[PDB]
Amino acid sequence: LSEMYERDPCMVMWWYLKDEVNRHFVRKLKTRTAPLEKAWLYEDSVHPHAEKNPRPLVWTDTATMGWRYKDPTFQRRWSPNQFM
Amino acid sequence: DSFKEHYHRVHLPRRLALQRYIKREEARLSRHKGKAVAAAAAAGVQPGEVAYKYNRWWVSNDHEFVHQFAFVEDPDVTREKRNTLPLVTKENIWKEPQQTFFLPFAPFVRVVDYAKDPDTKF
Amino acid sequence: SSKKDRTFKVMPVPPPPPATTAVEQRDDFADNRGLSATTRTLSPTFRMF
Amino acid sequence: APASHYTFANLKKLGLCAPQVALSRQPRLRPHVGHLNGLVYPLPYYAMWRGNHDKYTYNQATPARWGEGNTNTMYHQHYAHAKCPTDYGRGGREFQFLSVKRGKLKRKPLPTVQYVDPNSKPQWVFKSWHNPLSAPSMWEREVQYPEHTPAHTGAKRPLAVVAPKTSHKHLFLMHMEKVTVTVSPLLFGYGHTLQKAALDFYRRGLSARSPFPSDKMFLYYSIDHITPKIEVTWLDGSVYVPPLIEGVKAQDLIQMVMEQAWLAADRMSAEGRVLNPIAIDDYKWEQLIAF
Amino acid sequence: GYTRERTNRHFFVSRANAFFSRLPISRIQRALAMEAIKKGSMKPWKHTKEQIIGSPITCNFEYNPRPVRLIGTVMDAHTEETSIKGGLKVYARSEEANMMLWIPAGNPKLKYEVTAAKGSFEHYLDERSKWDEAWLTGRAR
Amino acid sequence: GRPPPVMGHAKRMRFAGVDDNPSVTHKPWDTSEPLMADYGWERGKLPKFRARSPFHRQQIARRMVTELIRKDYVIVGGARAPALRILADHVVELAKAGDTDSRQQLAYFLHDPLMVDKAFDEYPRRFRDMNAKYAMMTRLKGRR
Amino acid sequence: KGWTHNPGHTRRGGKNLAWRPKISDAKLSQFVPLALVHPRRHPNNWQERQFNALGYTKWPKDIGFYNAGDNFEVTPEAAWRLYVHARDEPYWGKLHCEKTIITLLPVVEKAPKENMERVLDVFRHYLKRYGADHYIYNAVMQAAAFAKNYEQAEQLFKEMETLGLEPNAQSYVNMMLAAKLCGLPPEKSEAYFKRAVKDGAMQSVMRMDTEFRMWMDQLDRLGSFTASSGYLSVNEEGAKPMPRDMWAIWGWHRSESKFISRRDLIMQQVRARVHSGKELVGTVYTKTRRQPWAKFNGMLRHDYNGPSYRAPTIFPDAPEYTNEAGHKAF
Amino acid sequence: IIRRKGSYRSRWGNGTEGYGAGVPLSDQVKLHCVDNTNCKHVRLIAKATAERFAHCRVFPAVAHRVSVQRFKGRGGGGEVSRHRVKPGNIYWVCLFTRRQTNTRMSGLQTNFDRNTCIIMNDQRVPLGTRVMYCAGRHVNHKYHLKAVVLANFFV
Amino acid sequence: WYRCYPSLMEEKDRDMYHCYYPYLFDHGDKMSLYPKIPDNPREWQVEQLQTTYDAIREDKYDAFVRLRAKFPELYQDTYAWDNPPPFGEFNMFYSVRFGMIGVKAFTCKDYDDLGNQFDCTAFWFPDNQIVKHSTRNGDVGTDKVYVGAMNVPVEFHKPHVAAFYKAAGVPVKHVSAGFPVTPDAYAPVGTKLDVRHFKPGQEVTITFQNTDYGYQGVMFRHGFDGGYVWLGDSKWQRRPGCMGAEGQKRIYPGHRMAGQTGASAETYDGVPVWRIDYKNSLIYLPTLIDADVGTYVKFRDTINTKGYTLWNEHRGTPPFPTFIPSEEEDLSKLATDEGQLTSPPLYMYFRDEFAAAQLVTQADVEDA
Amino acid sequence: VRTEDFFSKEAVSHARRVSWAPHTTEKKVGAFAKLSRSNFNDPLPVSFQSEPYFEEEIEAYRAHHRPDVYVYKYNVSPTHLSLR
Amino acid sequence: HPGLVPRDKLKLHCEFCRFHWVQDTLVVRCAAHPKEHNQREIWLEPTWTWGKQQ
RNA sequence: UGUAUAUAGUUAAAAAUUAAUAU
Ligand SMILES: [Zn+2]
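Quick notes on the rules
- Residues numbered from 1 in each chain as written, not as in the entry; some residues may be left out.
- Chains lettered and ligands numbered in written order.
- Part of a larger assembly, values for the part shown.
- Heavy atoms only, no water.
- Helix = DSSP H or I, 4+ residues; strand = E, 2+ residues; numbered from the N terminus.
- Buried < 20%, exposed > 50% of the residue type's maximum accessible area, 1.4 Å probe, protein only.
- Contact = heavy atoms within 4.5 Å.
- Areas by Shrake-Rupley, 256 points an atom, 1.4 Å probe, with all protein chains shown as cover.
- Pairing = 2+ DSSP bridges.
- Axes fitted to C-alpha atoms, helices over the stretch in contact; angles between N-to-C directions.
- Buried area = accessible area lost by both parts, 1.4 Å probe.
- Salt bridge = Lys/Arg side-chain N within 4 Å of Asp/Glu carboxyl O.
- Polar contact = N/O pair within 3.5 Å; in protein donor to acceptor, adjacent residues only side chain to side chain.
- Nonpolar A, V, L, I, M, F, W, Y, C, P; charged D, E, K, R; others polar.
- Patch = residues over 30% accessible without salt bridge, like charges linked within 9 Å, V, L, I, M, F, W, Y side chains within 5 Å.
- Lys, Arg positive; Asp, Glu negative; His and termini not counted.
- Charge placed at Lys NZ, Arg CZ, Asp CG, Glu CD.
- Disulfide = S-S within 2.5 Å.

Method of structure determination, per the deposited record: cryo-EM was used for this entry, reaching 3.9 Å resolution.

*Asks:* Honestly, the overall build of chain A in this entry has me stumped. Any pointers?
*Replies:* Looking only at helices and strands, chain A has 3 helices and 0 strands in total. Overall, chain A shows an N-to-C arrangement of helices and strands of α-α-α. Here chain A holds 84 residues, and the buried ones make up 20% of them. Taking as baseline every contact in chain A between residues at least 6 positions apart, the subset at least 24 positions apart corresponds to 31%. Looking at chain A as shown, the accessible area adds up to about 7,100 Å², and 57% of this sits on carbon and sulfur atoms.

*Asks:* Please explain the sheet that holds strand β17 (residues 340-342) of chain I as it appears in this structure.
*Replies:* Adjacent strands of a sheet form backbone hydrogen bonds with each other and so pair up, either parallel or antiparallel. The antiparallel open sheet is built from 8 strands, whose spatial order is β11-β10-β14-β4-β5-β13-β12-β17 (chain I). Of all strands in the sheet, those with a lone pairing partner are β11 (265-272) and β17 of chain I, marking the two edges. For this sheet, the mean angle separating the axes of adjacent strands, direction not counted, is 30°. Pairing of strand β5 (residues 117-124) of chain I with strand β13 (residues 282-285) of chain I, which is carried by 4 bridges, proceeds in the antiparallel orientation. Paired with I:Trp124 across the two strands is I:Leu282, which belongs to β13(I). Packed onto the sheet, helix α2 (residues 25-37) of chain E meets β4 (100-111), β13 and β17 of chain I and runs at close to 45° relative to β4(I).

*Asks:* What am I meant to see in the interface of chain D and chain I here?
*Replies:* How big an interface is tends to be reported as the loss of accessible area on association of its parts. Residue-level contacts link 72 residues of chain D with 81 residues of chain I. Between chain D and chain I, a total of about 6,800 Å² is buried, with carbon and sulfur atoms accounting for 61% of that surface. Across the salt bridge formed by I:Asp269 and D:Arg30, the nearest N and O atoms sit 3.6 Å from each other. Summed over the shared surface of chain D and chain I, the result is 33 residue pairs in polar contact. Tallied by class, residues from the side of chain D that touches chain I come to 41 nonpolar, 18 polar and 13 charged.

*Asks:* Mind showing me how you'd approach a positive patch on the surface here?
*Replies:* Together, A:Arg23, A:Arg76, C:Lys3, C:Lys4, C:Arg6 and C:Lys9 give the surface a local cluster of positive charge. Here C:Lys3 falls in the exposed class, since its relative accessible area comes to 78%.

*Asks:* Explanation requested: the pattern of salt bridges in the structure shown.
*Replies:* Pairing between side chains becomes possible if they bear opposite charge and their charged atoms approach one another. Residue and element names in this part refer to chain I. Overall, the coordinates contain 70 salt bridges over all chains when judged by the stated rule. In this structure, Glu 11 engages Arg 14 in a salt bridge whose closest nitrogen and oxygen atoms are separated by 2.5 Å. Comparing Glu 11 with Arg 14 shows no difference in burial state: the two are buried. A salt bridge links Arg 66 to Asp 62, with the shortest nitrogen-to-oxygen separation between them at 3.4 Å. A residue pair is termed a helical-turn pair when its members lie 3 or 4 positions apart in one helix, as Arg 66 and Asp 62 do in helix α1 (residues 55-70) at 4 residues.

*Asks:* I tried to follow the state of the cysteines on my own but got confused; where do I start?
*Replies:* By definition, a disulfide links the sulfur atoms of two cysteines through a covalent bond. Following the criterion strictly, the structure yields 2 disulfides over all chains and no others. Paired by a disulfide, H:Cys33 and H:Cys39 hold their sulfur atoms 2.1 Å apart. The pair H:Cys33 / H:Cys39 is uniform in exposure class, with both members buried. The disulfide that involves K:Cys14 links it to K:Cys17, with 2.1 Å between the sulfurs. Residues K:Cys14 and K:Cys17 are joined by a disulfide whose S-S torsion is about 90°; by sign, that bridge is right-handed. Just as K:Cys14 is buried, K:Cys17 falls in that class too. Left without a disulfide partner, H:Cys56 is nearest to the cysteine sulfur of H:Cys94, which lies 12 Å away.

*Asks:* Can you help me understand a nonpolar patch on the surface in this one?
*Replies:* Among the surface-exposed residues, A:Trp67, A:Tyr69, K:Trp43, K:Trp48 and K:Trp50 lie close enough to one another that they form a single nonpolar patch of about 600 Å² accessible area. Here K:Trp50 lies in the segment after β4 (39-41).

*Asks:* How should the pairing of strand β7 (residues 229-234) of chain D be read in this particular structure?
*Replies:* The side chains of a regular strand alternate between both faces of the sheet. Residue and element names in this part refer to chain D. Counting buried residues in β7 gives 5 out of 6 residues, a clear majority hidden from the surface. Pairing geometry for strand β5 (residues 176-183) and β7, over 6 bridges, is antiparallel. Bridged to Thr 182 within β7 is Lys 229. Here 2 bridges tie β7 to strand β8 (residues 239-240), and the two strands are oriented antiparallel to one another. Within β8, the position partnered with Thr 233 by the bridge is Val 239. Between β7 and β8, which pair antiparallel in sequence order, lie 4 residues; one of them, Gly 237, sits at a positive phi of approximately 90°.

Now the structure itself:
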């Protein structure tokens, strides 16, 4: 992830949006990307969008816990499943 | 179109619009510093400038000389090329044939004073 | 095996407002307080009878 | 004023041969022949360590360990005083063997010497590698001004700058001439006090281990509640009392007076006192660790 | 994955054979071969016959020991004019060996002076059979 | 490099320059030769129209020349035309020269003797002042 | 069944030189940053969790506030209100009292009359508890200098000898500073510095004429609070109730951290205030050689889930929480 | 086994086409030795997987068998002054010339009548006294010449 | 690629105790040996000795700037510390001149003073002129100079093409290509380049369209073996072998295959220059290129040859912007006798024989 | 002919080196050119692989028994300033 | 350096044989007998990842 | 030559002879 950060820090962020937009909208290729091209990644604060007046995002992180790394391609094969 | 190819076919005209912005703003900062005071911090000294770095000759952790090369092309000098005519070339350059067979470097202490700055190797 | 569940999971709760009541505004599983602590903005206009 | 390259005749004499930059079968090292996509500069190898590409180059953020790209806005007791927060550069393997920028150059002028009156001609003391670290001509100023010469004390040259930093076991007579240790047994104390810290220093000095001349140390019982004093006199007669800070003990005083012994023997060597050979070498300099 | 393998831009596909009459190609090769008969590397030739055989005395200034001097019996005359080709293909029968070797005729170290009046359609056949008998009985059988 | 980049033999293509290079092989790149059985898509060869054999192709080169001389027009088809017009500029290059070497070098080539009796009489009178391009290749419109 | 025309293991696909450089991982691994610091690994959720997870407290601005340099300070007139309250306490040691005076300086230079009795009441009381020392003398002398009452600095200095106390190495600087900022020329500070060199209380390694300059050129870098030249002439403070970076360091390594849990700050102040039978004290050798590189380097249990959760040290605070002003900058 | 790869770019050709021309003389090519020895060299088979001058006898030390023609005629005692090659021995022969057009970087391309060699010992010390043939300029390298003392003159 | 990796210097340790010269901290206004002491004194961390005069630094730096003036002969190369190279002037490691379009014209064999034969292809530089100067958004390192060639009737170009040259003011040029230059290597639109822009000893890089070979099979396109002649092989004299392995099912991209065999943009990287007929605008290279006569071939410079710059001090310095012949000089007067330039000896020793080291003199021939 | 490396280090920092000009027996003109006839040694033991970090060292006489001379919560020395 | 299969097997054979945190792996490094008595705890390579060495 | 019973190590020449850009 750091060797990817040398190349472009914005790509480290774009890789993860793709993983949350492809968390439901994988089905058809038009809705797989059309959201992705709605966010604007900037490795620093200066950005051309004062003319759009981006309203701040009143949001505090919910999970104080850390991020586990779960392999894409991890298969759960049985769930807790009341019928056991 | 792949993933990484996508991110650029989306962000290629999004970085250009970003840097072309700063320059377009760089002209704005270049204005309100005309009537303003000599220079603030303002990301350096805040003309469109590049300060010089006397810190470029290093001896690395392995004890070997590492020089940083920094070239600062002047936007006013380059346009002063694309208008004027270059001078007639000196005849001692072209009428002379460039040597083919660059020969290896020979070590040498400079003069009768053994300064020489390699620290050694014997 | 089975299809992956691609539904829309609900999002986690926002943080409650700071306490500044001293009424034990912090307590979560108490009889008095409904779970949601949403004293947002022109809520005083929503004066109920 | 020599020639930095061998000549053909010079190269031919030894029996060697001229290196081909030509149609030779050899590699003719030129990586970047197909990889570097864009204008490639005649600096030979400025894009190899990156991976022999020129790809990304536009991002300013890079994974930075201590003292690298954006670390400049954190206080690291080393890189705080060892790198100007401006020149911090890119990541490790993304080093800048060549950085090309656009804009008008501003070459700020060099700094000048502080507390040095202009044109004041200084006497020059020349140092070099040759001097073994034992040499007094090694640990002191190189350019000796009349400004940095203490005259209230007799000094022929500004005092030393750097001092060896090593732990001293024993109180060997480096250059002292008389080490007196005054206490007042009228003062009393159980447990670790200054009374105990100074009196073991007497034992630790009078020890059969320390090469200190046992007959040159003088105990002195006082009366008027004199806090335990430790007074060392050097060959020039300038007495020195190591301050007995509370919590001190033997190995500190044996360390204080011995460490100061190199400074004080330096000041004696500055006034013009000839110095003697010292037997012990607390600073290991002629030693190598063997097994 | 895939690859172009054929570049047909206007810069690569276009050909200057049209505009080539601007250049006097051979009248350069004349003068090009004229600056080599002046340096002494080559001496003019105008001969179609009268050169099918002769008697060159080759002086390949090979730095190996010393210059090699081989009496020879030219049998090519590759080019028929002072141009760059040259090509004598002298037989040269060194002492016991038979070595059909052909001089490029422009080389400064590989010099040779042929003499006419022996350019006989006989003396040529004299050596051809000499090299035809040498060729055949040299296969190591 | 020192040897040619593509060694002694390789067929470039139709529509390819000569790219002269030091080689042992012999290439004409010129076709001033009259009544020649050098059919091919190279430079020194006239276009090889299709036929069963370089012999039978030569047999088609006979009855299509002896029928252009017999009656001054022949409606010839395809790659025979660019291959014939160069044989009409050769017959006149054979009929102009005149010497009894040529009049046979056409007698060997024409199926009938009266033609070689004609070609040498009208053509020196006809083309006494024209020095090249004796055959006009005008294309009819309706493809066969 | 041998002799391939194509020798070597040049792989097929992995050729991009940006995401797979042809560099042996033996020589490429030495760049993998195993001490990677800037793309920080501590989110903002924790910055407050790890605050309270030390036992630290959040005070309102008037009591104190982590300043622009993330160094907790006490606000004057909130310092004196401590000394009003805890002067009788048994655990209000010697240097506690003088530290009160030093905090009363950025007001005794601004309120030279209403706060010059607090200094003396700290003075007058300090002598009643502890006989008489230099701490209180160097401090109150420094306080009298900032009050621009130079005559009081002289009136304090001559009592050091009157009490036998040899004027400390500072007791000259407290005076040198006074004779300067009170509008008096040199030779009233010079004659003081030249006293110090002879008595050896101060040490000058240079010709005595230039050290005194290097002294004053630090004593005008430190210009008075009411002037506008120097560092003290700056009044801007970073108002912060908690430091913006709770894991900042003041050494070289993460285990040389800056903010230490109360329950370890105490077991530190213990060892620095007891016998030192392992590490020598008062010497530039420092036997305990710093090697914060050869120490442990790996994410623990508390580098992933973040700091533990200890309930904030917070007051039911019956006093009315009234907000009834905006106070700032002393 | 120096190979090439017929690809209109790598191609041996035939000689007669510049330096590094072609045909490095594969394993067994029945050379015609010319030392003053028992080797009567109507045959001396080659056994090393290459041979040439551009391929540079300088480096390889090409082992060669002796598919003997083994004498013109000899006689005496059972064991004699050893110059008389046994019918099957192996020797690092030294190739002199070729029947193939060997272009050099001077454009001179020599074609000899018979491709010959001189038997040499295991230690490159020529097993022969004199030499009854010429030898291209690929000799004079210190590799063999220091033992190939200029038995005669070159071409 | 070992011996190609330059000296490795980690960024984390390019600090004060490394700098080969006195390390200089800038304060925004002036350089100074010491770190900037932040004015808000609260901003100082505790226990961080904010240095204002360090007798160890100041004296090591006193010995530098003084001794450079005292003994200048020795410290001459240390003057690039404070006297940086100005812009222009052909910086050795920086400047990159453009290249000139060319035409393959013929081939000739040429020999040195030594008997080294070079198959020389002679390129004609018909009419090379700057047609337009480019950039990319005015960025750095993205500056390209375009060079015309072969003055041509305005008809032979399509009207949309010729309408460009007519706009630029240059006479319409048959062909034009874009060379990357460093901005200090510009010229005015309308500069007529001349062949002497190259130096007889240079090493040029040529790019052209190597001669088309049609649709050649695999035993020609690449080197494939295959097929005994009379030893079986029903129909397999030239067909490729096994495409995939067995179970990949997915013929691996690049196997190579049959193909169109070479009408592509080829490149020779470091071919040196042999002669220059600056009266004929001919430039002779000691090589054979595989292109039809008339193949427009563009000539850059070879940039670095064996880890060493091409245009360095010891080995020739180029006519920097481009060679502009003097005003007294013209070519209509002189002849091919005088218009000829030649090169140094490319090969050290006559190459038919070996180097003087391997060839042995009679002294050892008389081994005894 | 020890360790064929032969100019393998050629490097000593401005720090951690000592000074610049030696000479063997002769003088240039300066009327005082008795410098060294110096030696050519190895740099300080293994350069920075052992100790990548160094703490700031004051002049010796400023180092030993560094006196505590403060102004309002800052330590003013004849050369150093620091927030105690 | 023989990976002492568990951490607990580590023993300091020589006086100069001490412990060291070589990148999260407790190892034994000795100046004397430099590789002869060296021991290194078994653990993942210093630069592992989550897909390569779990 | 270092080293010790023989003797290393950067390199260079030569050799295995060939060059490679989709909008
Ligand atoms: Zn051990």
